[PDB]
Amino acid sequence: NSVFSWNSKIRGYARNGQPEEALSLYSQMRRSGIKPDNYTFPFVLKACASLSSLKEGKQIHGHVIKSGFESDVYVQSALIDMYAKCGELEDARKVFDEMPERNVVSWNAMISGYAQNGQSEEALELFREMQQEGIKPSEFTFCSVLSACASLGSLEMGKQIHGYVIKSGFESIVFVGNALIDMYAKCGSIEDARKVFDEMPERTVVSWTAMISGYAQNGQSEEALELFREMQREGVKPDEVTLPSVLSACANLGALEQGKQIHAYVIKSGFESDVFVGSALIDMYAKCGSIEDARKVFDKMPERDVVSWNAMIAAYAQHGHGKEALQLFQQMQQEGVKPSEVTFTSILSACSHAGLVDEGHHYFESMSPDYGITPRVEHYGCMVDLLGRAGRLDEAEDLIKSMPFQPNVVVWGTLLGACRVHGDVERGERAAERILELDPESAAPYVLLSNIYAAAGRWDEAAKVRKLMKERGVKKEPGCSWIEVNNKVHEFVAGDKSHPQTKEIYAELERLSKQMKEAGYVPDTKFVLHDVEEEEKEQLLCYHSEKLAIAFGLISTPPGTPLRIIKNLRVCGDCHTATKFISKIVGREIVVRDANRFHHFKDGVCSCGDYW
């Protein structure tokens, strides 16, 4: 016999998903006295990479040295790919540098090894070095560096690689089209991603999934759903990767009935038992204001891993069911499910929204000694929110300084929001400037500080803050409220008159306002950000978008039915008070999801405890 027979059988096993059989063959060849050649080693090393077995891979490296093939280009490229897929990028790089000759396959193995393992900068650096030497990149090369740009968020870089793909005539390769959509979406230019998606002559389910995900991640949930319907019209079958993004779009919109329709499709198509689909269903029901249906999904799941537990814990957290989240955190450990840093963000968030100060401190301090997990900046952010709700503003600011991280806008905004609740003008002042230094084009610090000054009677400084905001050309996005009625999502802006039942909506607000007034409600116009007469301020206040949505819900659903409102920005203090009164008057539960919290208004009381 000869090595050519063995190579044929090893090639067969290695390319049919039987790496262990290929390696078992390689061992037999060794005993039989037939020596491998430069064609055997890539297949056996690829088998090692398929199993993520560094030990055997290192043994084969030893055989490559002894056999005198330390200079063969294909063997060395196979060594690179083996070390990379085994999580040893330094060993792979060492092999790449010592090579006496490299072809394009060797560069792709090293570049892709970096991109697939997070080191996006070194991947692009390697790619720049590759182009100076004049080595033509293949379509796989471009897919790797496009994924590196997507990770880094550098849009201008991806635009460059896009031109390079146009130059190399790869723009019609299906994989390249998918990689470009993914890059543009994650870099923020969703229109250019759609431009690529429409131009593709051939689209797979991966192509549709990338376009749908991009829309869903950039908040554009309606276009995601429209493309998901279009995808069914063209005959492209969604799979277990498509559905989470579709569910995420439903989650953002808060359309509970649209979510249940996608849930039934999930059941029809047999994807319900998929673990990411189930976690997405939990999140979707939670985000749609139905903690009961999220719990039903969780309870009937045949398989519950860490992301399923995290999703259900996070679901209870954002609804302020703090004790239930912690009960689940305990139950999850008793069932042998190890927490992650995501679990701790959720249970610390649960302690925040429910005011469990002592519980939050103990969990946070227990992260490093009692688990393997060192706190990240979001865990410190949760703690700053916890201290803020407790009125311990000094502790919270000191924690921001004493933090072993760079303070970000989230952590300062948390403190700034806490300053508004507790009337801490000077600390609010400091927190605002810190936010402006980090993000000068954000409107939230200006509006917040103006509110601070106004509540404290400092009308002059409040006006100068608003004046400075207009000067710097910074504008806040208009408010917006959505409500699902009869399987349709109705949108309202402040003072809306475009709805076909405007007459009945405004008439219902008139009737309702008479009952609120008789119950003690007194409009507070102090923070109507409009330089107009008092009587005009009260008229604007009457028709803030969440009260239009509540009124539409009241005339469109039978009495006693819960109402579920989604607000894009924030529920102003007067609408929060107003909705407390309304919930008792109409005998309904009213659920408002604003940017930060879930407000459950029940019998004159809100679940947030008047801190948001």
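Heads up: residue numbers just count along the shown sequence, starting at 1.
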Selected stretch [higher average CA B-factor]: 198-206 or 278-286: 198-206
Residue stretch of maximal mean CA temperature factor, 465-473 vs 266-274: 465-473
Out of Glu504, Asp182, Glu98, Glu292, highest CA B-factor residue: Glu98
Member of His544, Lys584, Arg31, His576 with the greatest C-alpha B factor (per the PDB record): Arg31
B-factor third for the C-alpha atom of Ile550 within its chain: lowest
Among modelled residues of the same chain, the CA temperature factor third for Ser27: middle
Position of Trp309 among the chain's modelled residues by C-alpha B-factor, lowest, middle or highest third: lowest
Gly560 - Cα temperature factor, lowest/middle/highest third of chain: lowest
Modelled-residue ranking by C-alpha temperature factor, third containing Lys602: middle
